[PDB]
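These are the residues of each chain, in order.
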Number of protein chains: 2
Amino acid sequence: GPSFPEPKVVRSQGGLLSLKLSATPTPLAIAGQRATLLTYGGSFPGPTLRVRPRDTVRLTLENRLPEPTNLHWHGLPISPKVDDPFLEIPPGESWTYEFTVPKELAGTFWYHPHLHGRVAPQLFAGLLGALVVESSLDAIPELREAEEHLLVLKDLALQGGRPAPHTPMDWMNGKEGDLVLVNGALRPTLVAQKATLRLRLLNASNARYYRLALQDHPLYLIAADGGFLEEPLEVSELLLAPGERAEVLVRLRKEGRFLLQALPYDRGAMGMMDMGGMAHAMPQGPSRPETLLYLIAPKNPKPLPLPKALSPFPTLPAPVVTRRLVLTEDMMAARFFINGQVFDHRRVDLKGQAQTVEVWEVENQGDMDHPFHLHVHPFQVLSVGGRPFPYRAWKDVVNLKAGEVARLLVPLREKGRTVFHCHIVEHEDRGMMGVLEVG
Amino acid sequence: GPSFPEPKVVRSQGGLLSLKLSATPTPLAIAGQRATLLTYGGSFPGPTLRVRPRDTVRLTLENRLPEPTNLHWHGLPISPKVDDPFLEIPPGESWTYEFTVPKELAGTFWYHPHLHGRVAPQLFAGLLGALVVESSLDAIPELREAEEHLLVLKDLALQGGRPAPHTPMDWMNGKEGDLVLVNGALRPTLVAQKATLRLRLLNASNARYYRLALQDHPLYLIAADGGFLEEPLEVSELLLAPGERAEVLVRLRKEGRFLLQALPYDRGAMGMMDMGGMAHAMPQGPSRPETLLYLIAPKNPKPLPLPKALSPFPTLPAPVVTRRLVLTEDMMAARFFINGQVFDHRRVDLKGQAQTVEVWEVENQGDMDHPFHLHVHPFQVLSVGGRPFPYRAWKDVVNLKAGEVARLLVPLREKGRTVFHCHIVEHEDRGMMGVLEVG
Ligand SMILES: [Cu+2]
Ligand SMILES: [Cu+2]
Ligand SMILES: [Cu+2]
Ligand SMILES: [Cu+2]
Ligand SMILES: [Cu+2]
Ligand SMILES: [Cu+2]
Ligand code: NA
Ligand code: NA
């Protein structure tokens, strides 16, 4: 096959993407070993769905798991009566998700389970795939002529040919695995044929962070989670927290082999030590460095010029309310709170008005990083930690280090009940989620 | 009382020290709190016995403990039929130790239990005291005019008003306590009246090391465990392992307060950690620094000159045998071995000839420091770690860091069966001891 493995793509046909996917235990070969994973469509990752604005998506999910499941269309600003976080599909039953792709939308999204209390084991076991909304901006020559690849960043641990079970410490920290994979492959080689690469990046891990750096090269950020930036932004590295997406241009500077690495990053995970008094919690410290892939540049690379502009970011109306959402932890209990409470699907926590804009100040009073996700209503990050964000783009996950406040501008779009939660999915399963009702 | 607490002294009378001591649980005040310790003579430390060469010692030990006990006359080159490591005194019974102090002897010795398998809890709980053999060398003016003090270095931990029980990790590492005491007092003040101090130092701890340093001052070593050096040796610090003794002169240089500290020292103690894989053993690292006492210098101090010479060290006959004793560990089992075996009181390990000299090469193939002690037969340390020792003096404990070989010259003195063992007494109780028979 191609040197660089990527999920099989399913494209809409005549404006319609109509697909049946089964969620099923499936034996496959991964990373050189045989294992049984839980997959969509028989593969890990699941198939990439590729659509255009105004397409209809009709996706029938057949549940062939031994427990209930559902889908979250992560990042899509659609109705929460479709992207329904409270729906349960029982074992053996099916449900059809049908929606229209919004007109003003572009970027890399993804789909995965969202059945409260069971997300972390289901996502860890292999249930996820990407959704790409292609744009008329993809026709500008500086993007059209780039070589495009999707990179699904997802780690795994195997025991006895199956995904390793969650331990109590995994529920506290979020589970990370020793197999650090790209598109389900272990350290694949990308032999570039063009000097400019357009890489769509997805962190579909439960909890692992990827502090991305390409040896000898900057990255040019052109899209965040939910849409394009206004112009490319040069960065020396790019941190992708669980659930985040980014698109970058890589301008290969000379022939050679360059490693794409996940550099050391300390997200605040904890271990336990006994040194005579004790036992007491102790920081794990930064992750060990990982090589994600080997990038081989072509001969005599001459990259395209960067695009001067991408998409202007919308002018938003003045906001009508400011909200404050404080994140705290009880690590030894593995319980996680928003404003002092754990999720309860019967309780509405915030009530807002469709088509108004809100300012959300989300404050991490814990010691771990927490990547905060809001369904249905993409947001503009204004500042995090008191530092203004250096670009304007739609996001739907924002990472908070210990102590930091993020200030978000949140236009409320579709009416209905939806949720916001930490995207360390173990923390969501363990309570760090609340309910927003938009009317 | 005097600003500097020291154990009460019992002196021989007319050439005879005849004393009844009871080993008993005794309520006392220590470090500002009430506790019940196991004591000799009603005190912690026990009374200091002070004798001269050729004195007779007649000590009746009455056992008022709930378990058997005995005495080891640590460092005295007397008969192992008196200093009998196999003798058991049952609860409520008494035994009289009677011996003559050897003619060619001087220094600081001590007494403590040596009933195999029960040493560590009995010593930790308070059962120990010092024995001083005074010398005609003490009359030379450079020692006579010095101010003399004994410093018994011994730590403790209390729980519920009693010595803290041993945990499994204590049996592996040797138990250290958070109360780091001098003569049973917490950080006492020594207000010096003379400019030269002669300090007798005893490490009577189960396992704690004392890396001794006096602020702003060197120490002048004048005696090791079992006798004088040939001349004073200037040192910037002095490591005293469990069971070791030293005598030093301190020459106070100016008015002021100087701390005597136990500086950080890593003896190889281990803890346990769980960081996601695990649980696995991890080094504790160096001890935290401790202040042992506050030393107040007098006004306008003018120290005496040092003695030019002390005692010539004996010329020993050429040795007739070389022995090799290899120390190893099974830390997770808390088992400790010499040449692959644990102690067995029925098994003789070495057979030597009285009045010959032997070379013992003791090799630490473990990762912890081990302070190796031989009963009855004081030795001359030639080298440790391949470094020649910088002085000649009688020792009876030699500390080995991980990997190090000590080469000892061992004149065999009294006939009979005796033992050698680690003086981390938990390691002796857990097997690191063997039997020497001299005939
Ligand atoms: Cu998600
Ligand atoms: Cu969600
Ligand atoms: Cu979290
Ligand atoms: Cu001893
Ligand atoms: Cu002994
Ligand atoms: Cu030892
Ligand atoms: Na299938
Ligand atoms: Na008593």
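Residues numbered from 1 in each chain as written, not as in the entry; some residues may be left out. Chains lettered and ligands numbered in written order. Heavy atoms only, no water.

As summarised from the PDB record, the model derives from X-ray crystallography at a stated resolution of 1.750 Å.

In the nomenclature of the PDB entry, chain A is known as THERMUS THERMOPHILUS MULTICOPPER OXIDASE of Thermus thermophilus. Per the header of the deposited record, the title is "Preserving Metallic sites affected by radiation damage the CuT2 case in thermus termophilus multicopper oxidase".

Undergrad: How would you sum up the relation of the copies chain A and chain B? Please name residues and give values.
TA: Mapping chain A onto chain B calls for a screw motion: a turn of 180° about the axis and a shift of 0.0 Å along it, with 0.0 Å RMSD after fitting. Given the turn and translation reported, the copies of this chain are related as if by a two-fold rotation axis. Scanning chain A for the C-alpha nearest the rotation axis identifies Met273(A), at a separation of 2.1 Å. The residues that chain A uses at the interface reappear at the interface of chain B in 100% of cases, marking a shared surface. (Least-squares fit on C-alpha atoms. Contact = heavy atoms within 4.5 Å.)

Undergrad: I'd like a rundown of the coordination of the copper ion (ligand 5), residues and numbers included.
TA: Residue and element names in this part refer to chain B. The copper ion (ligand 5) binds to the protein through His114 (ND1), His375 (NE2) and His421 (NE2); the donor distances cover 1.7 to 2.7 Å. Taken as a pair, the copper ion (ligand 5) and the copper ion (ligand 4) show a spacing of 5.2 Å. Highlighted residues: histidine 375 in the loop between β30 (370-374) and β31 (379-384) and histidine 421 in strand β36 (residues 416-422), separated in sequence by 46 residues. Here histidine 375 and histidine 421 have matching classes, each one buried. (Donors = N, O, S within 2.8 Å, 3.2 Å for Na, K, Ca; no water. Helix = DSSP H or I, 4+ residues; strand = E, 2+ residues; numbered from the N terminus. Buried < 20%, exposed > 50% of the residue type's maximum accessible area, 1.4 Å probe, protein only.)

Undergrad: Could you give an account of the pairing of strand β22 (residues 256-263) of chain B, with specific residues and numbers?
TA: In regular strands, side chains alternate between the two faces of the sheet. Residue and element names in this part refer to chain B. The buried count for β22 comes to six of eight residues, which makes it a mostly enclosed element. As judged from the four bridges shared by strand β17 (residues 210-214) and β22, these two strands associate in the antiparallel manner. Note that in β22 the partner of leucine 214 across the bridge is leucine 260. When β22 meets strand β25 (residues 290-297), the two strands line up antiparallel, connected through seven bridges. Opposite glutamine 261, over in β25, you have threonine 291 as the bridge partner. (Pairing = 2+ DSSP bridges.)

Undergrad: Give a detailed account of the sheet that holds strand β3 (residues 33-40) of chain B, specifying residues and quantitative values.
TA: Residues and elements named next belong to chain B. One open sheet holds the four strands; their spatial order is β3-β2-β5-β7, and the pairing between them is mixed. Pairing within the sheet leaves two strands with one partner each, and these edge strands are β3 and β7 (94-100). Within this sheet the neighbouring strands show an average axis-to-axis angle of 25°, counted without direction. Across eight bridges, the pairing between strand β2 (residues 16-30) and β3 is antiparallel. (Axes fitted to C-alpha atoms, helices over the stretch in contact; angles between N-to-C directions.)

Undergrad: How would you summarise the pattern of salt bridges if you had to cite specific residues and measurements?
TA: All names here are of chain A. Following the criterion strictly, the structure yields 66 salt bridges over all chains and no others. Two residues, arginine 392 and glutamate 230, come together in a salt bridge whose shortest N-O distance is 2.8 Å. Of this pair, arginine 392 sits in the loop between β32 (387-388) and β33 (394-395) while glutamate 230 sits in strand β19 (residues 228-235), placing them 162 residues apart in sequence. Judged by relative accessible area, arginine 392 falls into the partly exposed class, the value being 35%. Where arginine 407 meets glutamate 361, a salt bridge forms, and the shortest distance between an N and an O atom there is 3.8 Å. Taken together, the residues span a long stretch of sequence, with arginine 407 in strand β35 (residues 405-411) and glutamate 361 in strand β29 (residues 357-364) at a distance of 46 residues. What makes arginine 407 partly exposed here is its relative accessible area of 33%. Judged by relative accessible area, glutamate 361 falls into the buried class, the value being 17%. Connected via shared salt-bridge partners are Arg50, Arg52, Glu134, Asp138, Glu148, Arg198, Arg200 and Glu247. (Salt bridge = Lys/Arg side-chain N within 4 Å of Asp/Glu carboxyl O.)

Undergrad: Let's hear about the side chain of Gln122(B): which residues, and what values?
TA: Residues and elements named next belong to chain B. Within the element layout of this structure, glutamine 122 appears in helix α1 (residues 119-124). Since its relative accessible area comes to 2%, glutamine 122 is described here as buried. Separated by 2.7 Å, the side chains of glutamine 122 and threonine 69 make a polar contact. (Polar contact = N/O pair within 3.5 Å; in protein donor to acceptor, adjacent residues only side chain to side chain.)

Undergrad: Can you explain the environment of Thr196(B)? Please cite residues and give values.
TA: Residue and element names in this part refer to chain B. Along the chain, the position of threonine 196 falls in strand β16 (residues 196-203). Take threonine 196: its relative accessible area is 5%, and that puts it in the buried class. Linking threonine 196 and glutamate 148, residues 48 residues apart in sequence, is a C-alpha distance of 8.8 Å. Discounting chain neighbours no more than four positions away, the residues touching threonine 196 are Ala146, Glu147, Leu249, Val250, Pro303 and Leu304. Within the local environment of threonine 196, its side chain forms a polar contact with the backbone nitrogen of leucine 304, the two atoms lying 3.1 Å apart.

Undergrad: Provide a residue-level description of the UniProt feature "binding site: Cu(2+) 3" (unreviewed entry) in chain A, including the pertinent values.
TA: All names here are of chain A. As annotated by UniProt and renumbered to match this structure, "binding site: Cu(2+) 3" (unreviewed entry) occupies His370, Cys422 and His427. These annotated residues cover 58 residues of sequence, but their C-alpha atoms sit close together, with the largest distance between any two at 8.9 Å. Leaving out residues up to four positions away in the same chain, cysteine 422 has contacts with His370, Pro371, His427, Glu428 and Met432. Here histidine 427 is to be found in helix α4 (residues 425-429). Judged by relative accessible area, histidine 427 falls into the buried class, the value being 0%. (UniProt positions renumbered as here; feature names shortened; annotations may be inferred.)

Undergrad: Got a sec to walk through the sheet that holds strand β15 (residues 189-191) of chain B? Specific residues and values, please.
TA: All names here are of chain B. Taken in spatial order, the five strands line up as β15-β25-β22-β17-β20 in an open sheet, and their pairing is mixed. The sheet is open, and its two borders are formed by β15 and β20 (238-240), each paired with just one other strand. The mean angle between the axes of side-by-side strands here comes to 25°, regardless of whether they run parallel or antiparallel.

Undergrad: Can you tell me about the interface of chain A and chain B, naming the residues and giving the values?
TA: Counting residues at the interface gives 10 residues for chain A and 10 residues for chain B. Along the contact surface separating chain A from chain B lie zero salt bridges. If you look at where chain A meets chain B, you find two residue pairs in polar contact. Residue assignment for the side of chain A that touches chain B shows that the elements contributing at least two residues are β23 (270-274) and β24 (280-283) of chain A. At four residues, the largest contribution of residues to the side of chain A that touches chain B is made by β23(A). The residue inventory of the side of chain A that touches chain B, partitioned by class, reads six nonpolar, three polar and one charged. Across three bridges, the pairing between β23(A) and strand β23 (residues 270-274) of chain B is antiparallel. Paired with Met272(A) across the bridge in β23(B) is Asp274(B). (Nonpolar A, V, L, I, M, F, W, Y, C, P; charged D, E, K, R; others polar.)

Undergrad: How would you explain the UniProt feature "binding site: Cu(2+) 2" (unreviewed entry) in chain A if you had to name every residue and give the values?
TA: Residue and element names in this part refer to chain A. The positions UniProt marks with the feature "binding site: Cu(2+) 2" (unreviewed entry) are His114, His375 and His421. Sequence-wise these annotated residues cover 308 residues; spatially they are packed, their C-alpha atoms never more than 11.0 Å apart. Residue class for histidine 375 comes out buried when judged on its relative accessible area of 1%. With sequence-adjacent residues up to four places away left out, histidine 375 is seen in contact with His72, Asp83, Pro85, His114, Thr418, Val419 and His421. Each residue touching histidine 421, except ones within four places of it in the same chain, is listed here: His114, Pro371, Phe372, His373, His375, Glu428, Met432 and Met433.

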